[PDB]
Every structure is written in structure tokens, then in C-alpha cells.
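Beneath this line is the structure, given in C-alpha cells, with notes to follow.
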Amino acid sequence: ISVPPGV
Amino acid sequence: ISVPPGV
Amino acid sequence: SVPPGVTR
Amino acid sequence: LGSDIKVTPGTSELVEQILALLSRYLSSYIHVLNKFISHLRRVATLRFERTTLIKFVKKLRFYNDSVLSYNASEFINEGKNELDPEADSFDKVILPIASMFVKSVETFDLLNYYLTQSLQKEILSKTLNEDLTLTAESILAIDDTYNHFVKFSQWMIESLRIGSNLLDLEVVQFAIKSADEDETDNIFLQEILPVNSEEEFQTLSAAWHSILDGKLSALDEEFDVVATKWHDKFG
Amino acid sequence: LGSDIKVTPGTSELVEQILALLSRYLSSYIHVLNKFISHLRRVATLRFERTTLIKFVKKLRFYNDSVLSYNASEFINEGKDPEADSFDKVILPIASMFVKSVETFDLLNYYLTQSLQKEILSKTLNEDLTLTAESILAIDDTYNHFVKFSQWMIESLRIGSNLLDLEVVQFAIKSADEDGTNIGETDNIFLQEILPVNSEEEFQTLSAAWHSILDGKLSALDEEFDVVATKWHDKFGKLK
Amino acid sequence: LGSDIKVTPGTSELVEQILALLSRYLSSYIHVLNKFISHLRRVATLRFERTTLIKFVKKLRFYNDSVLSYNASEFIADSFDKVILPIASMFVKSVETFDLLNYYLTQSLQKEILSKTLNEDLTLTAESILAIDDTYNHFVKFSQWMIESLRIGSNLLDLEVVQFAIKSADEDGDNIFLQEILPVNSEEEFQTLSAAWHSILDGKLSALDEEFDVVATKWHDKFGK
Amino acid sequence: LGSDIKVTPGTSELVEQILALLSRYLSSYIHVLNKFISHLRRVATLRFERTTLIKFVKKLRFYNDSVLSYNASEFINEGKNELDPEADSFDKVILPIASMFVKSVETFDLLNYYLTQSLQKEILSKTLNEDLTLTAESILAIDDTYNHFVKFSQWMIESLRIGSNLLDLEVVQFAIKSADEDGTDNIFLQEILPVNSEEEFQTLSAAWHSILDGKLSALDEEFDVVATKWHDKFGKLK
RNA sequence: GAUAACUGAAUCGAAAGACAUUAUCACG
RNA sequence: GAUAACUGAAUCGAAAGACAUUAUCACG
Ligand SMILES: [Mg+2]
Ligand SMILES: [Mg+2]
Ligand SMILES: [Mg+2]
Ligand SMILES: [Mg+2]
Ligand SMILES: [Mg+2]
Ligand SMILES: [Mg+2]
């Protein structure tokens, strides 16, 4: 899963 | 329908 | 399919 | 934007009562669908339709578990003697409940179509077997229950002026658009009066509660008649 | 439960950018489904299925019309305050719309990618009107990311509740808690922790990075939807 | 092998009477199957079964046309064996075809229908299945009698079901098909036994037609014109 | 009707050779069907179809047992001097053989329709894959073998003028009626020359034998390719 | 719970061997 | 004969244009 830098 | 006393 | 002397 | 209206000590209980209606609607379907899904195991040609119903029954059972485990008092800040820089507004509290009703109603709209129309036809085309279909009366009760929950949801929202595009129901908008290109007889088109206090909301909710309970019982009755029908024919 | 966090002048625009992602996901489905529904009009054995899809495409089209006509600035009171709306108050209806949409897509995705795919094959004995494997992957991948995005919007602001839970997220939590809970190494997408955000700036920034990711997925989805439309045309639609 | 027995002037007519029984058995099926095949059009799940029945009804119809257009006097001093042999052979071919169709129609298809639809309006009646089996058994035994009574039997004319009953008996120690057939000693004796057989088979064919009408009526009452 | 032609000492053997071709056709089917019927035991949705095939394979296995246990010399009276004019006529001897061929061929027609058309569609509809279907090449071989056995049977019968309504094959009559209502020519519609002696029949039989044997080998080869497919696509473990 | 039993000799297994004391199916 | 009708804007067609005055199916 492409999760933003720092969710 | 049935809409109660005052709707 | 069919050998000589069967058909014409 | 809404009401000036604050929560009272009786708000928590009002919310639980509203939620309980929705749990009862959901459960009523879940019970009749478990049964149908079980009779369909025996019919080789209806295998994929069976799975589609399973997928719907799961969504309902999830919505019902979520509603049953929601503790409404947890999300409500009443103040002390009506402390206002702590007391929740009534709108803040109803909004998530109304939103849940809307989501559930839209799900029922999709399931009702599948169950009462296209599947009924598919069943007759596949099997010619009318023992497998719903009764006419159960279909009437299905529609009648949906219409009243639509209207109840419209009332909760419009009466407090917390409506928005995001909370509109497809069927209500369809009736408004249809009317504007044809005062009026339609169930969903009738004006909703703003309520001016919680007392007035409480009272109207209770009257609504009576009506919907009522429709839910007629629905349960017709669901039992149909479960009995399948049982008499299939075992 | 939430944030202390107030709206700023840039909040309205942030909300429109989030809603636009949802409109684009909805529209993408609506466009492919109009096409599929058109081809199916010519297959006698798929008549009732065709109607079931019509019923879904209406629901999507309704949601998309609702989103497109929503004016977010109407529902936002910035101050100059403390009349100022809290950021939670503003995100909540947006999140709630996302949740409704996502659950709808879950039901449709199951119908469209599983049962209907099978029914089609069983009824017609070919693959002319099935989906491609790659479209199914793009479908699942896009849903997964919109699930996670919606989870992030809600959990990062602590506005979660039973009523906002998504079925698939709760499934993965309940499955983990009775399978292991390998909660560090954590391969599952939905099981990873969400950090609370501490300001609107931090939300804004993470929204934008999310926006870039979802836009990527939506373009891959559009790509695969064009490949499959082309397939239907080449395999079924066109004359011979 | 056989008799020594010669044809008489009444032989042609005897043969036409035997062939007419077979035409009547074939036609009876053809009529009920045309009906069924028509009702099945409406059931989407039964499409490939319907086409299998079509394939069968065509074979029956072909056998019936072939029998009806056969002029027995054209093919008739000939020995009585020479004349009965092609008739017996036609009976055997027909009987084996019926065995296959009967299995498909009364067993596997009946089960497939219930599995697909749960719809018992679409099935045969129990009584039609009994009349089906009873008619087959008698045509088997009649064919066995035509062949064995004249000693024109051979491996090529054996019927599956007769041989099954013999092999089954030989590995146990009375069965319809296992009973001895007396050699006939003249055409008069064959003529007479044929006529008694004709009476019995005509009785069975009427019971079959009756049950076929009961089922056709059933499908019509439930499924409509 | 027929020839005038008498049996010779070599007649018994000619008949055994003809019968053996039929046995080999029957056995070739029985072998592939036993295999298919075994794979199908493991597919719950194909249970009733499996029983229909079993019913067919039994009818084939019965015809093949009958043919294999038939002793042709038992049913042939040769006389002892080329004439002996109580010697069996060649027609009397071929007729039951031709009749057995006809019965078989008609059975194969029914089975071929079920096996290559309706069942193939039903399998796909029921299982959603091609793992247990036939190959296109096996279906071609099936049809090509049938067509040749039809024509061979037609040749046996017409060449001796022993034809009758009772010996007509459905497919030959279909081609004749179809032509007469339409009216690169159709294999079954071509004229068959009367034979004038047993020597001429013997030699044409042998040439036919060589052709049918070629077709039976092609059929066997495609039956092995398909058995291998079923093994690789369904049978074996994953 | 349900389903599956040729008048077979195939099928599965590298093998030993398995084949109703069996195999398969089933809403997280 | 039978089947098919979004609260659509697609679909088909190189275009013109077609779309129940239509399309498809069939032991017709
Ligand atoms: Mg349907
Ligand atoms: Mg389906
Ligand atoms: Mg069957
Ligand atoms: Mg079939
Ligand atoms: Mg319309
Ligand atoms: Mg619209």
C-alpha cells in the first residue's frame, strides 16, 4: 500500500 | 405513507 | 480418403 | 446550518431508541436471507446468485454489529446545568446517526432491487420454480418499510436543517427532479417543518418510532410467511 | 474525541480537492459501466444482470452528482472566531461520504469482479465480455487505497466511531486478533497504525501526498478501463 | 442355422404388422418428446439437455420414416429366416437406441432437472417411467422370441440387457429374459404366436400413450399452451 | 437383390478382418472413456453426466465383446467345390456384418453428439474452465473417423446391392435429402460401383482396411493427447 | 451435515501404496 | 414467433447516419 511519508 | 401528527 | 476403384 | 438546540439528559436514550429501529430492520433481513441462502444451496443453477446474497448479508450483519456495539453516551457531552462551552449541540449528536441511516437506506435500495426484481426474474428464467420466489405481499412490505425509513431519515435531517448534498437520498432527489419536470400527493415531496426544541423532536421521534415499529412487524410477519413457504416446499 | 484544531482560509480548497478525488473514482466507474451496459443490451441471456448494473451505476451517478454540486465553502465558517468551525466538524461529513461510497463500491466490486464474471462465463461460454485480470487488480488496488485514505482521514483526527468503521478494515483487525496480530512487521495495509496529526498544516501536507498517490491509482484504473472497453469492442462489439 | 421353413402368401402382411408395432412405439415417443422439447425452450438452464433430446428425437424419427417407407413385399422361394432377419435386426437396433434414450430420459435427466431447478412440474410421472420400462421389456422379449424361435441368433444380434441377465444368472443360480424359447416348427405356429404377441404389445403401447398424455397434460397445465 | 456371388475359403478371414476394424474403433473409444469417466468421479457437478457416459461406454463394450466372441466361420457354409450351389451366397454372409456396422455407427453418432457438442458446452458452463474439455483436434479426428466408417459401410452395402430402408444410415439419407432440396462434391453422395466378384470385393476391402487403420491410428494419437491434457490440467496434484 | 459407487480398470501417487475405514463441498 | 427499453449516452458505423418502423435468437 502506497502510504504517504509519515501517516 | 404515514407521517406523524405535525411533520 | 477413398482408394482407387471404389467410386466414379 | 441547524438548530441552537442543546442536548439534555434524555438525549442518549432517544439516540439508542433510533438506533434500535435500524438494528431491527437490519436483523429482520439478515434472518430471512440466512434462510433463503440455505435453500439456495440445493439449487445448482443459482450458485453465483447465492454468493451475491451472501455478500449483501455480510454487509448488513456488519452494519448491525456496528450499531449494536455503539454506545451513544460515549459520544455525547451534556454539560452540568447546561454548561455551553462544553454542551454538545443536538445537531452534532444526530448527524452521525442520520448519516448511518442514509448509508443503510442506500444499501437497502440496492439490495431490494436485486432481491425483489432482477433475482425474482432470474429465478423464473432459470428454474420456472415459483416455490423459490418471494410472495407478492413480502415485496409490498419490503417497499413499504423502505419508503418509511426514507421519510424518517428525511425528517431527522430536514427538521433540524442539517441537510446537504452529501446526505441526500437518491430516491428523494429522484422524486424532486421528477416533480420539477411535471401542492402534491407524493410521500417524499411533502414539506418538513423545522422543529424548535428537543422536546418537539423527542415527541415526533416517538410518534415515528410507533409507525416504524409496526412496519417492522408487518415485515417480520411477511418474512415468516415466506420462510414457512420455502420450508413447506423444500424441507 | 478529536483535535483542538480550527479551520483556516485554505480549508475550503483542501475539501474540494478531496471531493474531486471521489468524483474522479465515481466517474471512472460510471464511464466504463455505461459502456458495459451498452454491450449487454445485445446479449439476451444477460438481461437481468444488465438491470442490476444499471441499478448500481445510478447509485454512483447520484453520488457523483451530489459531490459535484456540493459547495464546500457554504458549510464552512472560518472566523477572523471562536465562532470558527473546528476542523473535525468540517471533515466529518466528507469522511462520512467517503465511507458510504467505499461500502457501495465494495458491494459493486464483488458483483462485478466475482459473481458476474462467473455468471458470464457460465452463460456465454466465452471471455469476450469478461474483465481482464489487470482491471480486476486495478479495481482492488484502487479500493484498498481509498479505504486506507478514508481510515487515515478519520483516525488521524480521532473522529472514528462504530458508525464510521468500514467492513473491510474491521475484518482485518478481527482476523489479525484471532490469527496472530503480527502488529510490527505487519504486511497488512489496513492494520498499520495511524498517527494523530497535531495541526491543520500537518493534515494539509499528508492530504497532498495522499492526493498524489490516489491520482496515480485513478490513472492506472482509467488505463485498465480503456483496455477493457477496447477489448469488448474488439471481441464483441464490432461487426463480422 | 434356422428353420427349413418357406414363405407363404400371408408372410408379407405378417411383416407389415410387426413393423407397424415398431412404428407405433417410435411415434409415441416422438410425439411426447416434441412436446417436452418445446416446454424446455423456456428453461434457460436446460438448453444443452434440450439439444441432446433433439438429437435423439431425430434418430427416432429417422427410424420411423425408414420403417414406414419400407415395402416388405419388394424384398420377398425365400426361406422365412431370410425374410425375418432384417426385421429382427431393425428391432434390435431400435431397442438398443431406446435403452440409451430411456436411461437419459428417465434417470440422469430426471436427476439433472431436480438438481438444476428443484421443479417437479418438469419431471416425468412415476407411472410414465413404469410404462416406459414395461414397454421396453416386452419389446426386448418379443425380439428375443422372433430370433430364438427361428434359431437365427448370433452374437451380432444379442441385446445388451438379455446378455446381462444371462451373465448375472451364470454367476448366481424367474427373470422375464432368462426363460427358454421354444423353436417353432412351421410358419403357421409363428403366425399364431406373432398374433398373440401383437395383442400384448398393442396393450402396452396403449398404456404408454395413455401415460404420455397424462404427462403432456401435466406440462400443459403447469407451463401453458 | 444382390450379387449371385459365392463364398470362397478366404471369406471367413475377410470377415474377421472387417470385424476387427470395428473392434478397434469401439475399443479406442472405450479406453478414452474409461479415463474420462475416472476423472469425472472427482467433479461433483458432473455426476449425472458421468452416469450418461457410463451408459454409453457399456453399450460400446457390449458391442465390442459381441464382436470379439463372434466366430465368423461358424456362420459360413462354403460347400466344397467353388459351386456346390448349396454354398452360402456372399450377400448372406456380409449382411449381418453390415448390419452390425450400421448399428454401431448409429450409436457412435448419438455418442459423438453428446460427447463433442452438448457435453462440451455443459462442462464449460459448469466448471468455467477448459481442463476437462476435448481438444479441437480430437473432435476433428472423431468426425473424420466416423465419416470414413459411414462411407465404408455404405460401400459394403451398395457395392453388393443389399441396401434397404432398414440398412440406411441417418447421415447418408440426410445428405441425399439435403442435396435433392438444393439440387467439391459430398463424400456420401458419390456413386458406388457394383462389384462383380469376391476377388474385387476382397481387394477393395483391403484398400479400405489400410485407410481405416490410418484413421484409427490418428484417433488413438489424439485420444492420447487429450488423456495427457486431462492429466496435466485436472488429474495431477498442485 | 451434504455430495460422489460401470455390467469398470481406470484414476491418483517418485515410491510404498491409495480408492466409502475414502474423497470432495460449505458465508471469517 | 420469442427475447431485449437507465433516472443513459453509450453502443454500432470509415462516413452519411442507425438505435422497438430496431436488434438478436431458433430441430422456425
Ligand atoms: Mg440477476
Ligand atoms: Mg450474478
Ligand atoms: Mg445429464
Ligand atoms: Mg448435457
Ligand atoms: Mg428511460
Ligand atoms: Mg441522471
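The chains referred to below are lettered A, B, ... by the order of the sequence lines, with proteins before strands, and numbering in each begins at 1. Quick note: numbers below take in every heavy atom, side chains included, and nothing from hydrogens, waters or symmetry partners.
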Subject >> Furanose pucker, I/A10, classified by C1'-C2'-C3'-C4' >> reply: north

**OP:** Name the nucleic acid region contacted by F/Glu160, choosing base, sugar-phosphate or nothing; use a 4.0 angstrom heavy-atom cut-off, strictly under.
**Re:** base

Original post:
Using the P atom in both, what is the distance from H/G13 to H/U24, to the nearest Å?
Top reply: 13 Å

Original post:
Taking CZ from F/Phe62 and P from I/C27, how many angstroms apart are they, rounded to a whole number?
Top reply: 21 Å

Original post:
Do the ring planes of D/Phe56 and E/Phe56 sit parallel (below 30°), tilted (30 to 60°) or perpendicular (above 60°)?
Top reply: parallel

Original post:
How far does the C1' atom of H/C27 sit from the matching atom of H/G1, given to the nearest Å?
Top reply: 16 Å

Subject >> Proximity to the side chain of F/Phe164 - top-ranked nucleotide from H/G13, I/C12, H/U7 >> reply: H/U7

Original post:
So, north or south for the sugar of I/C27, given that a negative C1'-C2'-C3'-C4' angle means south?
Top reply: north

**OP:** Take atom CZ of E/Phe236 and atom P of I/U24, then tell me their distance rounded to the nearest Å.
**Re:** 11 Å

Original post:
Using the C1' atom in both, what is the distance from I/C12 to I/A16, to the nearest Å?
Top reply: 14 Å

Taking N or O atoms only and anything under 3.5 Å, show me the protein contacts with nucleotides 3-6 of chain I, one pair per line.
from	atom 1	to	atom 2	distance (Å)
I/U3	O3'	E/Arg47	NH1	3.0
I/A4	OP1	E/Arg47	NH1	3.0
I/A4	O2'	E/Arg41	NH1	3.1
I/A4	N3	E/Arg41	NH1	3.0
I/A5	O4'	E/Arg41	NH2	3.4
I/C6	OP1	E/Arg50	NH2	3.0
I/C6	OP2	E/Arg50	NH1	2.7
I/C6	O2	E/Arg61	NH1	2.6
I/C6	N3	E/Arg61	NH2	2.7
I/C6	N4	E/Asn34	OD1	2.7

Original post:
Can you check whether G/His231 has a side-chain N or O nearer than 4.0 Å to OP1 or OP2 of H/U11?
Top reply: no

Subject >> Closest non-hydrogen atom pair between F/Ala169 and F/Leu178, with its separation >> reply: CB-CD1, 3.8 Å

Original post:
So what does G/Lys236 touch, heavy atoms closer than 4.0 Å: a base, only the sugar-phosphate, or nothing?
Top reply: sugar-phosphate

Subject >> Distance, rounded to the nearest Å, where G/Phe223 contributes CZ and H/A10 contributes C1' >> reply: 16 Å

Original post:
Are a donor atom and an acceptor atom from the side chains of G/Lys229 and G/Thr133 found within less than 3.5 Å of each other?
Top reply: yes

Could you list the donor-acceptor pairs under 3.5 angstrom formed by side chains in residues 33-48 of chain E, with sequence neighbours left out?
from	atom 1	to	atom 2	distance (Å)
E/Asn34	OD1	E/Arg61	NH2	3.0
E/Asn34	ND2	E/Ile30	O	3.2
E/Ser38	OG	E/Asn34	O	3.2
E/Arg42	NH1	E/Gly237	O	2.9
E/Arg47	NH2	D/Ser125	OG	3.0

Original post:
Which sugar class, north or south, is indicated for I/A20 by the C1'-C2'-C3'-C4' dihedral?
Top reply: south

Original post:
With both distances under 3.5 angstrom, what nucleotide forms a Watson-Crick or G-U wobble pair with H/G17?
Top reply: H/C12

**OP:** Could you work out the separation of H/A10 and H/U3 based on their P atoms and round it to a whole Å?
**Re:** 31 Å

Subject >> Residue matched to H/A26 through Watson-Crick or wobble contacts both under 3.5 angstrom >> reply: none

**OP:** State, as yes or no, whether the six-membered rings of H/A10 and H/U11 are stacked by the criterion of centre distance under 5.5 Å and planes under 30 degrees.
**Re:** yes

Subject >> E/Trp232 versus E/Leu131, closest heavy-atom pair with distance >> reply: CZ2-CD2, 3.9 Å

Original post:
Tell me: CZ of G/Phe36 to P of H/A9, nearest whole Å?
Top reply: 18 Å

Original post:
Between H/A23 atom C1' and G/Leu237 atom CG, what is the distance in whole Å?
Top reply: 12 Å

Original post:
Please walk me through it: do F/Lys111 and F/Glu49 pass salt bridge (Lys or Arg N to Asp or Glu O under 4.0 Å)?
Top reply: CA-CA 12 Å; F/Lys111 294 176 186 198; F/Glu49 295 85 359; over 6 Å; no

Subject >> Between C1' of I/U7 and CG of D/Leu110, the distance in whole Å >> reply: 14 Å

Original post:
Using the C1'-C2'-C3'-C4' torsion, which pucker class fits I/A16: north or south?
Top reply: north

**OP:** Can you tell me, in whole Å, how much space there is between the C1' of H/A20 and that of H/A2?
**Re:** 14 Å

Subject >> Nucleotide of H/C12, I/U11, I/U7 approaching E/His39 most closely (side-chain heavy atoms) >> reply: I/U11

**OP:** Have a look at D/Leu53 and say if it touches a base, only the backbone sugar-phosphate, or nothing, with a 4.0 Å heavy-atom cut-off.
**Re:** nothing

Original post:
How about D/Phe62 and E/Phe171: are their ring centroids closer than 6.0 Å?
Top reply: no

Original post:
Is the backbone N or O of F/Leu60 less than 3.5 Å from a side-chain atom of F/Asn64, with the two atoms forming a donor-acceptor pair by type?
Top reply: no

Subject >> Given the sign of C1'-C2'-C3'-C4', the sugar pucker at I/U21 >> reply: south

**OP:** Using only heavy-atom distances, determine whether the side chains of D/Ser118 and E/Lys55 contain a donor-acceptor pair under 3.5 Å.
**Re:** no

Original post:
Mind checking the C1' distance from I/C6 to I/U11? Whole angstroms is fine.
Top reply: 14 Å

**OP:** May I ask you to say whether D/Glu106 pairs ionically with E/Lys59, meaning some side-chain N is under 4.0 Å from a carboxylate O?
**Re:** yes

Original post:
Where each residue is assigned the nucleotide of RNA chain H containing its nearest heavy atom, which of G/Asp232 and G/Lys55 is assigned the position nearer the 5′ end?
Top reply: G/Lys55

**OP:** Measure from OH on D/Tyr29 to P on H/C27 and round the result to the nearest Å.
**Re:** 22 Å

**OP:** Would you mind telling me which residue lines up with the more 5' stretch of RNA chain H, E/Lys174 or G/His31, judged by nearest nucleotide?
**Re:** G/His31

Original post:
Tell me: CG of G/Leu26 to P of H/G8, nearest whole Å?
Top reply: 17 Å

**OP:** Rounded to whole angstrom, note down the P distance from H/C19 over to H/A26.
**Re:** 24 Å

